[PDB]
């Protein structure tokens, strides 16, 4: 071989799906990551005690797309799992998303599904145009439930009030009149049976894929031959922050192991109103691993650190537009992924995006 058809930057879902697709169509692919491991944020591994964990926070796979689910199925088997989260509020562990039981338990009511609908209507606030993260919630369940479940959590997570964020943020967590307590109502809910990393290895295993780790693309870009680049990192950095830093929100993770089989009643407990952390997660709930000990992770929001979240709001959408135009003009570069196109995407969404990009590149 004398070079590569593609240099792919980042070995998370965005990069790896494209690597898999290009390589299976005959292309020579070099995939690179500044991190010492593949998988990006979805990387998993065994900790010191032998528990399978997610070093970058709990990643629960879920999708409504049959195509996405069947695509991933090529690379892993599944453990069925429907994630459930409780919120700590007024000293109780209550379902989030808010549902019938959340409301009845919180206030000691005995409303039926039909009645809880009118109760919501009786407390809701009228908003002419729903635009912010405050609007979406307050206009649906009213001020008190907003205060109890969203305001505090949102401020802690983003360093911003919900009125300061686009509606699309808090609207991720739909409110319900029914008694569904799953965090997701997606059609397909399941975890890679032996974890994500195993899945990524299968994904990246073709002979046409060379993997370079612990490596910034800029370190090798001058002297490795390649026709096209797929970039999945932060956009602002790609253009040397020429228009200023595009805000991304970060996280610090405090992992702990405990000498019992179970610490929590569910996979994740949220803390809208207490503590420095937004939530704790316990991995055995998610992986189904059996073990005599247990490992959990506490997440603390951070203004600095590796970028994990775009911050959806008008001034950032605007700043992003500028970077987007440089991106659109970059000739032999395709931008794809949560960080690179500045979209608050779920794993399955990134997969679909990568798949659609491959089709265009081909197709």
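Positions refer to the first chain, counted from 1.
The PDB entry records a higher mean C-alpha B factor for 111-119 than for its counterpart among 282-290 and 111-119. Higher mean CA temperature factor between 227-235 and 125-133: 125-133, per the PDB entry. Remark: of 192, 267, 95, 162, 162 shows the highest value [criterion: C-alpha B-factor in the PDB entry]. Ranking 182, 255, 210, 143 by Cα temperature factor from the entry places 143 first. Looking at the C-alpha B-factors along this chain, the one for residue 34 belongs to the middle third. Ranked against the other modelled residues of its chain, the C-alpha B-factor of residue 59 as given in the entry falls in the lowest third. Among the modelled residues of its chain, residue 338 has a C-alpha B-factor that falls in the lowest third according to the deposited record. In this PDB entry, residue 187 carries a Cα temperature factor that places it within the middle third of its chain's modelled residues. For residue 51, the recorded CA B-factor ranks within the lowest third of the chain. Only modelled residues enter the ranking.
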